[PDB]
There are 4 protein chains.
Amino acid sequence: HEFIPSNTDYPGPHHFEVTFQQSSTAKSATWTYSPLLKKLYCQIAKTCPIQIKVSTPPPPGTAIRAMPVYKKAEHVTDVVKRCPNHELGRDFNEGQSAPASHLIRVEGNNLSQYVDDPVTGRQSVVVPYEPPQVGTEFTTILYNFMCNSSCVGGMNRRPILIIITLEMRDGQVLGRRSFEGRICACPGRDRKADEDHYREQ
Amino acid sequence: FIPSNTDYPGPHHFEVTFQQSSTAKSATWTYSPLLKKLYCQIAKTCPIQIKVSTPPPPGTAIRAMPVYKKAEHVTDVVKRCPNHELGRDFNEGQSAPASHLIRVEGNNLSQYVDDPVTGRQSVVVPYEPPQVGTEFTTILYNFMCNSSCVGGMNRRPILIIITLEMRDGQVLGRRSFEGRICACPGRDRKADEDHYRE
Amino acid sequence: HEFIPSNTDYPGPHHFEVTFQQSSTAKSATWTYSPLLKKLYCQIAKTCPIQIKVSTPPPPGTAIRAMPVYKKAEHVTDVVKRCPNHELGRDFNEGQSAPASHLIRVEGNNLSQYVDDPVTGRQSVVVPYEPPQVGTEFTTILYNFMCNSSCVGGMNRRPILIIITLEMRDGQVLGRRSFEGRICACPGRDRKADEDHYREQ
Amino acid sequence: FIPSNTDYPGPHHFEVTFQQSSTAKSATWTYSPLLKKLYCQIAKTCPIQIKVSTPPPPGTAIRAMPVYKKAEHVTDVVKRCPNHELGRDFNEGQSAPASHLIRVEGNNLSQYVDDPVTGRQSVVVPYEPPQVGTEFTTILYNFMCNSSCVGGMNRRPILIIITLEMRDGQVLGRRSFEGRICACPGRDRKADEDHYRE
DNA sequence: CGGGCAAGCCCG
DNA sequence: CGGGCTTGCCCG
DNA sequence: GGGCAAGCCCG
DNA sequence: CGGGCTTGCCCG
Ligand SMILES: [Zn+2]
Ligand SMILES: [Zn+2]
Ligand SMILES: [Zn+2]
Ligand SMILES: [Zn+2]
């Protein structure tokens, strides 16, 4: 029943950590992350891997949820859905399991379930927590974002925050991480432009 | 027929004219006589002037229909893009279908036509004589998508075709002009006119 | 009937002219008229004397209609009424003879009629023709304008035209004259400001 | 019936803060900590942050009520100007009373009170505890008239009184700040702060 | 009667 | 985002 | 009205 | 891959 989802980082018991590994320096690169600005820059409907870590294994049945919220207060109350244009296109909605309205999708996990809170009307996607893989330090979830930030009728130029939540079976919060998201035509350019705007302060 | 263009004044000489407009960069609308092109903002009231040599038949009307200019695209029926069609911004008002690009404001006797087989869409109003002492009959048009709209007109130029016609359907007058729906009509006109000079 | 009343001057077969007498130059004169800009500057709810003259007198039961219309196309279709504040206002609707909604009222005539066409919702005011008071060139009608142009919720800040129509006993327009209206606190100030501000274009 | 705007952080250390905000001339809102004063654009989303250390009481709710600052006018109820109340521009589409100055934006549990005897207007929401990991409960307010509006607050300032209450209407906590609803909060703030040194 | 200001708003 | 043009209204 | 934003065109 | 331009929109 939580309208206006919290976005403050909260490592919780197990020290919940969200990080970004690959970095492909380019203007029109499928994606990249600005640590300085705590902002992910990503191409529409492209695969992008995010890295999740814990020190101590979370209780059984724990899940990981991703949910978008608007950064600005005026808009915060507005639910982040896909724009009409992209929603109704056959592109990407042709025989998917994911609803057409959802902005965030998970790539490569069939256990992934798409939540439409019946009261708060909020949209999100959850997957069960998996402990890395024996050689590894990270549980890698791979996400898809299905609309550009600029998309008219949808996000319409308005910034969003992506909130990753480590949760119990019932939904209790164990860990939280948030970061700004921008779905772009060209991540590198838009990143550099914003990073320079920060340098020029 | 789908869809005639060539201008034809006729028995009553049908003239479509535009009054003097703002030169402003974001003026709700403007007309370039040089380029025979109307530049107008999305959803803004855009007045057009109709003139005839002789008082026409009683059961006669004026219809406006959009069609793509370029040879490739004429086939395609021009409607509103999905975003604007479904978005709440102007469709909340009862009067016109949300699909139609061209809308008529201020007239209640606005008939929105969807040809049942050649799915062309257009808007018609009964012709009225100018009010006493007046040269022009003014119709108020609204254009409900930007020319640039993706999944709609998608940056493709279109002509607006104003036809004077009988209840029968006989087309006694035809006039047309290029249309562009944009954010900054003044700017885009100026820019075009400069580039016609090249 | 008409939903766009035309503004176009139409001198009648009976030579219809709408005139203004000498107009006090003071900053906040009850009213003043710019012949240069063909616009009256009237104080809200003040006696504003209009001069009307004709070459040949018209048939009996011929009357004069005054109706406000927004000047610009973007607003043309909006009917010109009094703002909510002033309409429901107690401050000027005691001594009530007129509908509180009507912008334009007439002072001194009790044949003064208020038309509220229910077809096109168009508000106007009508009085029967009086051949100029004896020895006079013209007929003096007193108009009152009941809202400031700037009035919010009403005609807020949007210019208007006033259309005086020389009408036959049953409808037919015999002559028409229009002029811009601005209902302000300081007509003199606003007049000068306009006229001066025009003298470079 | 004057509401007690006298402040007391009672049992739980009841306090209201304002997050950091833009220093723009016409920024939707801004707060001068220096002056006990919130500068707000009309009908814009204005977030208030509430913090408590020990929350318990179950039926507890939070109400916001406007009152005039200067004592002469304190007796006068703070309603919306007739213009804005009767107007179309912000009323149809919501389920909040047209007369009330203060509205709550992101909440359906919000209830808009009309004091049967006092005729005072207020808006109450149930106390929601901060979400896990989170410092404060963040209530979204909007203010529906400019301070300057004639027929309402005739340029005369007001205070906003946020009260933490038991479902009986028992003041657990109270905090208050002066409000100014204007077109240009940044400008008015900057100017106001300056016109405080002497 | 005119000068001046507050506070909304528009245009560059 | 300012800077600067409104305008109703108060002051003297 | 100028300048900036941002999807996508072009070589 | 990046420089650049068009067209919407907001502001060193
Ligand atoms: Zn989209
Ligand atoms: Zn569109
Ligand atoms: Zn008024
Ligand atoms: Zn108000």
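All residue numbers here begin at 1 and follow the chain in the order shown.
Header entry for method reads X-ray crystallography, 3.2 Å.
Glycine is no exception: its Cβ is also placed from the backbone N, Cα and C atoms.
The annotation Zn(2+) binding site is assigned in Swiss-Prot to A:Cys83, A:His86, A:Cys147, A:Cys151 on the grounds of similarity to another entry. Summarising the annotation, Swiss-Prot assigns region 'DNA-binding' to A:20-199 and lists sequence analysis as the type of evidence.
Here the PDB entry flags A:1-3 as expression tag.
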Residues from the same chain, set at least six apart from the ends of the expression tag (A:1-3), whose C-beta lies under 8 A from its own: 77, 119-120, 122
Binding-site residues satisfying Cβ distance under 8 Å to any chain B Cβ, from A:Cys83, A:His86, A:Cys147: A:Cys83
Cβ packing number for A:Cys151 (Zn(2+) binding site), 10 Å threshold: 22
Tertiary neighbours of A:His86 (Zn(2+) binding site) (same chain, Cβ under 8 Å, six or more apart): A:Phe92, A:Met146, A:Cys147, A:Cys151, A:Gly154
Neighbour tally for A:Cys83 (Zn(2+) binding site), based on other Cβ positions within 10 Å of its Cβ: 25
Residues of the expression tag (A:1-3) by DSSP state, where helix covers H, G and I: 0 helix, 0 strand, 3 coil
DSSP state at A:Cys147 (Zn(2+) binding site), helix/strand/coil: coil
Other residues, Cβ within 8 Å of A:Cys83, A:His86, A:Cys147, A:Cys151 Cβ centroid (Zn(2+) site): A:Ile44, A:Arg82, A:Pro84, A:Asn85, A:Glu87, A:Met146, A:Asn148, A:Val152, A:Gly153, A:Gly154, A:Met155
